[PDB]
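Presented as structure tokens, the chain that follows is alone, the form deposited in one PDB entry.
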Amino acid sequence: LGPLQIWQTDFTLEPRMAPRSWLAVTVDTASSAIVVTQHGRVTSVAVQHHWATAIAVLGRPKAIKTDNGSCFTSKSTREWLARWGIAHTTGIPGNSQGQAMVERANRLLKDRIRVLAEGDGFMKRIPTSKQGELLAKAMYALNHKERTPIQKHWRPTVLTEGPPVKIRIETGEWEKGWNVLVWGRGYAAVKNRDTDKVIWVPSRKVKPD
């Protein structure tokens, strides 16, 4: 189990999004987070463009598993994945470890593009202008509103305090049990985990655990 360890990339065709109607879809098997990018033609530079992107939005995944399409089997693409430490897995187009996680992403994605499309009247092909914006809006509904992927691979939570530190006590040794709150003008506000005491210490006398 776990986010950013295994992804399922795959291209799909959405006519409504042409010219660039070739859609690259990456899904995180764990989080269920989606990343799609438009393309004129499914090629090696396409996938590599797509992935670099999904990496910027979801993070570096340990491995991606795609079909045996030339765009993934290619030389460049493999050198690429290897230049990033990303394991690759060309599974047969049926199941081969399961690959229907993405196809439901495509359905949700395309179906979503249908409503966002006809919502603004475009009963067919979508204007090259409001194309990115509509696609982008689909990502936001697919990832932020409950049906949550980001609320699953990000794990949003508010932290009441900061990271644990070891401050330097008058004896010259470094004492554990403190946590840093705020930094200001070279001093650090630190809070003792046992007494709840808060004191300001020089940045120099504070080091992490």
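By rigid core we mean the largest C-alpha set that fits within 1.5 Å across both forms. Position 1 is the first residue in the sequence shown; the rest follow in order.
Keep in mind that the form deposited in another entry is missing from the display, and what follows is about it.
With the rigid core aligned between this form and the one not shown, the listed residues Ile55, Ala30, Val42, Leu181 include just one Cα displaced by at least 2 Å, namely that of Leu181. After superposing the rigid core, the Cα of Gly121 is displaced by less than 2 Å between this form and the one not shown. When the rigid core is held fixed, the Cα atom of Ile169 travels 2 angstroms or more between this form and the one not shown. Comparing the forms between this form and the one not shown, the C-alpha position of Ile92 differs by 2 angstroms or more, with the core used for superposition. Relative to this form, in that other deposited form the C-alpha atoms of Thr157 and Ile6 approach one another by 3 angstroms or more. Relative to this form, the distance between the C-alpha atoms of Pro163 and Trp154 is increased by at least 3 angstroms in that other deposited form.
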